[PDB]
Amino acid sequence: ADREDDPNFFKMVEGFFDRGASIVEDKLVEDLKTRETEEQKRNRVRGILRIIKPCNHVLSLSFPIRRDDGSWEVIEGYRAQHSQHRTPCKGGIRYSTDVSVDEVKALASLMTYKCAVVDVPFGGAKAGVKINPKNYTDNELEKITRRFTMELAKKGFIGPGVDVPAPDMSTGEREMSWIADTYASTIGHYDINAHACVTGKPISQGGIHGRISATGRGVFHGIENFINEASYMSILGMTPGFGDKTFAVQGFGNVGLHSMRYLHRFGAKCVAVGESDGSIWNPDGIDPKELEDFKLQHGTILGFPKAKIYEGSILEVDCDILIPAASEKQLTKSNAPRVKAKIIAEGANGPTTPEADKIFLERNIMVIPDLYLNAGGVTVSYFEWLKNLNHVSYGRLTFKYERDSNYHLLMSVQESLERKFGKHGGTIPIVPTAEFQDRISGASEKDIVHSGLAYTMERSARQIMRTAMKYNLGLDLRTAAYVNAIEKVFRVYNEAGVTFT
Amino acid sequence: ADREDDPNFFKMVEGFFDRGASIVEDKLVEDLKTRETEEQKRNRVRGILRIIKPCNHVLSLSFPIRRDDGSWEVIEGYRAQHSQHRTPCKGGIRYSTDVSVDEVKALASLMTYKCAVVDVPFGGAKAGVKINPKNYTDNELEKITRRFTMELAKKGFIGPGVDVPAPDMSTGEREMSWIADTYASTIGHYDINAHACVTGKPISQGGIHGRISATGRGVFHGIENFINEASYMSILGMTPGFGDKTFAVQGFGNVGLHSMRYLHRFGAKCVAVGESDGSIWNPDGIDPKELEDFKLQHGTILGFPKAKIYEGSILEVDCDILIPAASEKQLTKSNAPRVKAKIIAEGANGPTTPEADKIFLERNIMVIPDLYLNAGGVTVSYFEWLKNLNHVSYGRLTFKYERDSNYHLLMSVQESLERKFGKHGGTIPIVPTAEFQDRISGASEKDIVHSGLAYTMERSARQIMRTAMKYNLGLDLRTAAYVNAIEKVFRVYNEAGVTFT
Amino acid sequence: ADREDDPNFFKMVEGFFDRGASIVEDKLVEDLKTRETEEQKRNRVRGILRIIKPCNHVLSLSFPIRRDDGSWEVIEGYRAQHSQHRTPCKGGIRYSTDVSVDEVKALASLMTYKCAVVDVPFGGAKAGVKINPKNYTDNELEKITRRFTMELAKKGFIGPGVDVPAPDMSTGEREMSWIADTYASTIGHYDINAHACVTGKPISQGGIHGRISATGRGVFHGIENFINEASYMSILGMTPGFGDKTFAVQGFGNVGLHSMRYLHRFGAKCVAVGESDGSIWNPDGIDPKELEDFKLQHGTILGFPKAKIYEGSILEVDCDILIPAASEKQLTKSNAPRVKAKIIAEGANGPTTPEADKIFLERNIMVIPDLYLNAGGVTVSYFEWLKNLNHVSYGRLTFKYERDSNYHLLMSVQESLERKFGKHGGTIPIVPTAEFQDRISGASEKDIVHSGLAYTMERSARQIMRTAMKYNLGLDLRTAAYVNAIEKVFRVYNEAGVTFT
Ligand SMILES: NC(=O)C1=CN([C@@H]2O[C@H](COP(=O)(O)OP(=O)(O)OC[C@H]3O[C@@H](n4cnc5c(N)ncnc54)[C@H](O)[C@@H]3O)[C@@H](O)[C@H]2O)C=CC1
Ligand SMILES: NC(=O)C1=CN([C@@H]2O[C@H](COP(=O)(O)OP(=O)(O)OC[C@H]3O[C@@H](n4cnc5c(N)ncnc54)[C@H](O)[C@@H]3O)[C@@H](O)[C@H]2O)C=CC1
Ligand SMILES: NC(=O)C1=CN([C@@H]2O[C@H](COP(=O)(O)OP(=O)(O)OC[C@H]3O[C@@H](n4cnc5c(N)ncnc54)[C@H](O)[C@@H]3O)[C@@H](O)[C@H]2O)C=CC1
Ligand SMILES: NC(=O)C1=CN([C@@H]2O[C@H](COP(=O)(O)OP(=O)(O)OC[C@H]3O[C@@H](n4cnc5c(N)ncnc54)[C@H](O)[C@@H]3O)[C@@H](O)[C@H]2O)C=CC1
Ligand SMILES: NC(=O)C1=CN([C@@H]2O[C@H](COP(=O)(O)OP(=O)(O)OC[C@H]3O[C@@H](n4cnc5c(N)ncnc54)[C@H](O)[C@@H]3O)[C@@H](O)[C@H]2O)C=CC1
Ligand SMILES: NC(=O)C1=CN([C@@H]2O[C@H](COP(=O)(O)OP(=O)(O)OC[C@H]3O[C@@H](n4cnc5c(N)ncnc54)[C@H](O)[C@@H]3O)[C@@H](O)[C@H]2O)C=CC1
Ligand SMILES: Nc1nc2c(ncn2[C@@H]2O[C@H](COP(=O)(O)OP(=O)(O)OP(=O)(O)O)[C@@H](O)[C@H]2O)c(=O)[nH]1
Ligand SMILES: Nc1nc2c(ncn2[C@@H]2O[C@H](COP(=O)(O)OP(=O)(O)OP(=O)(O)O)[C@@H](O)[C@H]2O)c(=O)[nH]1
Ligand SMILES: Nc1nc2c(ncn2[C@@H]2O[C@H](COP(=O)(O)OP(=O)(O)OP(=O)(O)O)[C@@H](O)[C@H]2O)c(=O)[nH]1
Ligand SMILES: N[C@@H](CCC(=O)O)C(=O)O
Ligand SMILES: N[C@@H](CCC(=O)O)C(=O)O
Ligand SMILES: N[C@@H](CCC(=O)O)C(=O)O
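Have a look at this one:
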């Protein structure tokens with residue numbers, strides 16, 4: 001998208017890592033309380049850091065499918081497993097003609113660090129199939145997905161205990177259903193956990209409430225934790241809260257649409273929505289329900305009645321918050337000086353080059369990094385995986401017990417008070433509030449997903465802020481996130497003896 | 001080695017394939033006895049040929065080893081499995097800093113076509129570890145080999161029934177022994193065929209007589225089959241036989257040395273020997289046993305007392321037969337016009353670019369192609385694999401029975417003659433000749449390897465010659481070999497229904 | 001059986017090994033082609049020899065059976081796997097109250113060296129169940145055998161690719177049939193080689209012709225090879241051949257009975273037969289079929305009509321050849337001076353202590369050692385295992401072809417002779433001798449077992465004699481055998497890198 005500043009994607013992520021490694025290297029050496037206090041301490045710390053960076057296993061595939069017209073075609077595919085310091089590996093499947101070994105390796109490493117940031121016990125992985133799904137029938141896409149699943153399974157690149165895929169660009173519920181069905185019907189036929197081989201499944205198939213919207217929901221929570229922190233909003237020259245703010249959204253897919261829904265719900269105003277074919281704009285606000293309904297009907301956002309076909313880059317629209325939610329390397333050395341927003345919330349994976357990060361720093365623009373902000377997807381995938389391993393819906397064993405227990409608890413307060421203020425205090429009814437009445441039976445699956453996600457995004461934001469203050473990083477939240485990720489992954493490699501050697 | 005003519009190695013091999021595919025496409029379509037004779041027959045033929053060309057599975061590895069000095073290093077590795085129309089896959093392991101995904105994919109496809117040429121029932125595969133072995137201790141090389149084996153085994157890229165490695169550049173007997181030992185001691189502990197997981201083993205560990213020298217022995221047999229056809233020697237302006245010819249050898253490794261031993265044994269004269277550091281030259285002849293003894297003593301060819309340090313390209317030395325036995329892409333557009341030899345016998349894999357083949361054709365230079373000429377290695381690896389599966393040394397069950405049987409057979413002739421020519425004819429002793437006495441017990445392992453190899457190289461040469469005449473290919477033996485390979489591999493894909501789709 | 005001289009059985013075998021190790025160390029060090037020509041050479045030779053001696057894996061079992069009367073009883077069992085330099089492991093199952101961990105470890109190591117002596121590609125193993133089979137019903141023995149098989153199988157101590165048992169003291173065809181049936185019906189249900197999990201099976205279940213008598217047949221061949229070498233019979237002061245000699249047999253089981261049958265068949269005369277309850281004696285000779293038919297009828301040897309209940313040790317009976325074919329450590333310090341025989345042929349495993357070997361050497365008594373002499377059992381077990389892996393009876397594919405081929409061969413001689421001695425010489429019939437007519441179709445299973453065994457015993461006797469001359473060992477054949485065994489096993493450990501460490 002830019003021939004001036006177009007770094008190799010894997011190496012760009014390695015650069016981000018190098019930078020966080022630079023900052024913590026002292027802390028790692030000093031923690032290390034080995035008798036070698038000689039600066040082979042320094043040496044073993046940077047030997048371990050070199051082990052963490054490259055992907056351990058990458059599988060490249062070519063397999064034939066026969067198209068609906070009868071033609072034979074060769075499909076190309078890839079899956080990278082970056083780290084196995086936690087198992088299984090976790091990461092999505094991308095259907096796109098931009099798929100390549102380097103793109104997949106880069107996203108696989110992002111998954112490792114992202115999972116470490118939100119304390120999700122998975123190593124990183126990613127897959128890609130180099131096709132444009134719009135050029136294939138549904139029957140052909142099913143054939144490609146099912147065959148890809150078996151080629152991965154034959155070589156140990158999918159399974160509930162090694163590698164658990166998930167949706168990404170141009171895949172969703174539908175593909176995940178296909179993956180889970182052919183895994184469970186063949187190699188997983190005797191495995192009690194066969195349907196935990198993949199997440200993002202439909203509900204009828206072991207999916208979890210809110211997985212489709214989960215990463216949008218997490219984008220809201222990530223922004224909210226920082227947009228409500230007066231210390232960061234001072235440096236930006238902006239007022240805490242959502243009620244008065246504007247935002248623009250690049251990409252109207254699963255991440256972009258649901259980020260818009262939740263931000264709109266809490267008083268922000270969507271001004272611009274950009275897509276693969278063009279952009280639309282309205283300074284008075286775009287309604288997400290109307291835009292979705294139009295998009296579902298016409299297969300495009302152009303021509304939306306209540307906004308005007310906007311020319312020029314969606315990334316340079318004037319707004320408070322820019323949400324790049326499409327592909328990677330969209331903000332570069334070129335357009336970074338014209339961005340006009342004061343908060344960049346990366347919903348997409350790797351939308352900002354390192355050169356663009358430098359410009360944004362100089363310019364007091366806050367980039368909330370992908371490592372943290374889009375990790376709501378993998379957090380709720382983690383909940384889905386646990387739901388599959390546990391083989392019950394949350395609360396089903398305890399709803400009645402817990403309901404009865406709570407009423408007897410409140411009755412214990414009632415009877416204790418009547419016992420004391422006897423006859424002429426009268427009857428002293430203790431009853432639930434409206435809000436407690438609605439929790440009287442304990443959490444359900446929906447409650448766990450919402451509160452578990454909010455808990456994770458908040459706990460992770462505080463850890464990033466703590467680390468940024470400690471090292472005087474200002475608005476370089478990306479380096480603070482990598483610092484936390486590196487510290488966690490380093491400790492695992494260090495206390496494990498590294499490897500089987 | 002040449003920046004004028006440096007084609008991508010994988011695509012260069014696909015180019016060779018495309019050529020042979022051109023020539024046979026008609027014969028494939030006409031053979032095809034299917035009800036719908038539309039030249040959409042031609043469409044299925046060219047869909048199948050597109051399926052055959054790319055590698056099905058490629059695994060890329062990164063794993064850490066701790067060096068002898070205590071530092072951590074990250075080792076990079078690769079194994080490509082090109083085709084599974086026959087199983088297991090078969091191919092060597094190369095230790096070299098020139099190793100790359102493309103190099104490994106290219107050699108893996110060469111293995112498929114090579115195996116089809118000599119009727120060896122294996123699909124093609126190849127592996128590479130990106131190190132220079134003369135920078136590592138023996139203890140480090142053992143560590144790297146054993147760990148590489150486990151990483152391949154975990155993902156299904158080594159095993160007696162999927163993929164059976166073998167030596168290549170900078171690996172031999174020693175590494176194969178390490179591979180077999182860690183496979184059999186871990187995931188092969190219950191497998192009756194665990195030691196058939198790799199070939200080129202030492203004899204004490206399941207190796208077969210003559211595997212080290214097998215590919216040199218096959219180079220001799222391949223040359224002999226063509227150097228003794230007067231029709232091809234006419235076109236070259238040359239006398240049949242070896243007794244009178246000179247040759248030069250690029251590379252003094254396992255292929256180069258043994259090619260020189262066998263050619264020297266049958267009256268050819270080695271004039272020049274080139275190496276990674278320099279060449280040596282002597283128009284009176286170099287003796288292989290003194291050269292190897294010098295090489296073993298000094299670790300180099302230079303300074304050999306009975307030849308001179310030759311400057312300028314070994315490939316340009318003046319001789320009848322040039323044997324490139326080092327790495328690939330050594331003969332290019334550049335130096336092809338200065339070659340001076342009349343026969344180029346490719347012992348190495350892919351030593352000649354397609355441009356250089358152009359030039360050699362115009363100038364009536366016969367290139368005996370790698371597909372055919374170096375296939376003695378994989379042929380004797382095949383014998384080793386069968387020896388492992390059978391769990392007896394050849395002849396051990398039958399030596400005594402067979403010898404007793406032969407003497408009673410000769411005695412049947414004796415007694416029949418005496419009965420007829422009674423007393424007046426006397427005693428009529430029927431005894432073995434010296435050469436039959438030597439076979440009186442039947443074949444041993446040594447005999448099977450020697451005669452089985454000779455049988456294969458001759459039968460394959462006659463098939464290549466038959467095909468070159470039938471398509472008027474003259475001295476383009478490479479295209480004739482690919483034609484035979486394609487025909488055989490196409491038949492398997494066609495009658496199998498292609499794939500489970 | 002003797003308090004004076006009753007060494008620990010495992011260490012006694014280690015003593016034999018140490019003794020052969022002492023003689024070959026120099027040869028091993030000098031062979032060793034390595035740069036550290038230091039006595040770091042002798043150090044690694046000494047370290048490898050220490051690795052070879054102990055057993056790698058020993059499993060000890062306790063499992064309950066409910067007896068026919070309804071009581072519960074706890075059965076004790078053991079299986080030792082001594083070496084895995086060849087796989088699978090091979091060794092018998094002994095039912096005896098004298099079974100112990102040390103006894104089983106000792107016999108397991110004997111199996112390793114024995115297999116190396118006759119070039120049988122198995123590592124050594126042995127099993128024992130500590131019961132007296134005479135105190136159990138057939139139903140109880142079946143339950144014990146089947147349960148023992150499952151306990152071994154669960155832990156990887158039986159299987160066609162790890163460990164293949166066989167009969168020993170108080171087990172035979174019957175028990176092996178039980179073992180094979182429960183293995184193949186449970187854990188081996190999908191294994192193509194399930195019935196190769198054990199040898200010594202009945203013919204109807206994959207057994208091989210002559211396995212029951214095989215170790216007796218090998219005892220005859222082992223004696224033959226030495227009793228016909230005039231150089232050894234000189235030192236003994238006796239006449240080559242069998243026709244004039246006497247022998248006594250301790251133990252009338254599977255080894256003892258069949259040794260007697262074959263020796264009797266070639267003109268030796270059995271004077272004395274000893275068993276667990278007593279011995280019998282007759283200087284005119286005992287006939288083996290009469291004595292077996294009496295034993296089958298009465299369950300004992302005593303009271304045999306044609307011999308006299310002999311008192312005093314069977315081992316001291318006056319004869320030329322003493323065949324101990326019962327348990328171990330029967331010739332000791334004590335009774336070695338009173339032996340009276342000139343040749344001691346150990347059919348049993350470890351019947352002679354090292355002190356008794358000392359005495360026999362001083363008195364010019366030839367001990368043909370167990371390592372060599374009783375290895376006909378494991379040699380024919382090896383043939384049975386191969387028969388199972390091959391899934392055809394020998395010759396079944398080729399009988400008709402070979403018979404037709406031989407007649408056309410003889411007809412080629414006949415027609416060639418007529419077409420030269422025309423009608424001047426008449427018809428010249430070329431026909432098989434009686435002996436060749438018997439072989440006209442090629443070998444059958446019976447022929448391979450007989451000639452394969454004879455071939456093995458005589459090639460092994462040669463190697464022992466060669467090695468005894470070369471080191472001036474005289475009549476210390478035991479040390480010569482261990483020397484050959486050690487050289488072969490050392491080579492494997494050396495060129496394998498020892499272990500994955
Ligand atoms: N799928 C998930 O749960 C998660 C996805 N992500 C990342 O979010 C990003 C996008 O989210 P997806 O779920 O893939 O959405 P999606 O694949 O459902 O839709 C992507 C949208 O972006 C549009 N698009 C593509 N290129 C564009 C361009 N140059 N300009 C404007 N629009 C463009 C497409 O037309 C489509 O509307 C990806 O980078 C993905 O890796 C991150 C975390 C979780
Ligand atoms: N084995 C499999 O293929 C699947 C297993 N599961 C397991 O079930 C556990 C609980 O999830 P749920 O309680 O189902 O969520 P849930 O109770 O919210 O169920 C949602 C939907 O599943 C339906 N459902 C329940 N039992 C069914 C049955 N026997 N046949 C068809 N539909 C049925 C419900 O009626 C509802 O429509 C999960 O932990 C997961 O491990 C879930 C889905 C598929
Ligand atoms: N080893 C085998 O079983 C078979 C090997 N081949 C091919 O034969 C070729 C080499 O045989 P290897 O067994 O690997 O020999 P090797 O690896 O034992 O020795 C290779 C020799 O070539 C020399 N060499 C390397 N680069 C050179 C250069 N640029 N110029 C001159 N000399 C150079 C090296 O110093 C070494 O002496 C490779 O292309 C291999 O793929 C083909 C069929 C079978
Ligand atoms: N399980 C393993 O690791 C090995 C298995 N084998 C199997 O053996 C079969 C036949 O090969 P061989 O007959 O060995 O070829 P071979 O008869 O040429 O013997 C090669 C060498 O192995 C030695 N050898 C024989 N038995 C031995 C033992 N028990 N311990 C140590 N060394 C011994 C021989 O003395 C000879 O020097 C092959 O089909 C193969 O499947 C062979 C070698 C290693
Ligand atoms: N059966 C086989 O395949 C082979 C067995 N062996 C060994 O040969 C020896 C003989 O075993 P098998 O004949 O198979 O067993 P078996 O059970 O058929 O014969 C043993 C016989 O010796 C008798 N006996 C036991 N203790 C005695 C003593 N102190 N004095 C005299 N007789 C006694 C028993 O009552 C029984 O009659 C054993 O040491 C065994 O380890 C060796 C090679 C092969
Ligand atoms: N799967 C099993 O349990 C058994 C398998 N086999 C396999 O057969 C191979 C060759 O041995 P054989 O040819 O049996 O030697 P063989 O030809 O001497 O057969 C021995 C006896 O088995 C009988 N037999 C043959 N086929 C039979 C059938 N379908 N049903 C019942 N009885 C039959 C024959 O009449 C013969 O008398 C062995 O390598 C072995 O693994 C042999 C015996 C049992
Ligand atoms: N695309 C889309 N998804 C919706 C819409 N409304 C609800 N969902 C999603 O459907 C799932 C179930 O929705 P609800 O039953 O309303 O429960 P909910 O979790 O309170 O919904 P939300 O708070 O909006 O996430 C959630 O993942 C919602 O985000 C919608 O209008 N459009
Ligand atoms: N490197 C090397 N190998 C040799 C040499 N001589 C023989 N060999 C190989 O070592 C193995 C054992 O040699 P031999 O016992 O003579 O068997 P062979 O088949 O008659 O030997 P060749 O016909 O020369 O291959 C064979 O594979 C030989 O090719 C040599 O001088 N140098
Ligand atoms: N216990 C016992 N076994 C016998 C007897 N006779 C033969 N056998 C064995 O039973 C099997 C059948 O023997 P045959 O069919 O005659 O074939 P064979 O190979 O010529 O037998 P042998 O030369 O005695 O080994 C062979 O293994 C014999 O060794 C016997 O009298 N008693
Ligand atoms: N593919 C998403 C989520 C992966 C998952 O849910 O496992 C990402 O890029 O983070
Ligand atoms: N590596 C050799 C032979 C491989 C094998 O023997 O399997 C080749 O390039 O053909
Ligand atoms: N148990 C016999 C051999 C058993 C077998 O044939 O494997 C012995 O002591 O040698």
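Protein chains in written order, with the authors' numbering: chain E, 1 to 501; chain B, 1 to 501; chain C, 1 to 501.
We put the beta carbon where it would ideally sit given N, CA and C, even for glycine.
- Chain order gives no chain B residues near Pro-64(C), where near means a beta carbon separation below 7 Å; the closest approach is about 28 Å.
- Neighbours of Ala-443(C) in chain B, taken as residues at a C-beta separation under 7 Å, are given in chain order as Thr-398, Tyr-401.
- At a beta-carbon threshold of 8 Å, the residues of chain E lying near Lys-155(B) are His-57, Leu-59, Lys-155, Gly-156, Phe-157, ordered along the chain.
- With respect to the 7 Å criterion, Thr-112(E) and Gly-128(E) are not classified as neighbours on the basis of their beta carbons.
- Linking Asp-244(E) to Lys-387(E) through their CA atoms gives a straight-line distance of about 39 Å.
- Contact annotation: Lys-126(E) and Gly-77(E) have beta-carbon atoms that are not nearer than 7 Å.
- Judged by DSSP in its simplified three-state form, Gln-330(B) adopts coil rather than helix or strand.
- Around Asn-349(C), no beta-carbon contact reaches into chain B at under 7 Å, the shortest distance being about 25 Å.
- For the 7 Å CB-CB criterion, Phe-9(E) and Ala-106(E) form a contact.
- With a contact defined as Cβ atoms closer than 8 Å, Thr-171(E) and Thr-149(E) miss out at about 12 Å.
- Taking a beta-carbon distance threshold of 7 Å, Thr-34(E) does not count as an interface residue toward chain B.
- Secondary structure within the stretch 221-255 of chain C: the alpha helix (DSSP H) runs of 4 or more consecutive residues, fully enclosed, are 230-236 (chain order).
- In terms of beta-carbon proximity, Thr-433(C) lines the interface with chain B, with at least one pair separated by less than 7 Å.
- Exclusion of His-189(C) from the 6 Å shell around ligand 6 follows from its C-beta lying no nearer than that to any non-hydrogen atom of the ligand.
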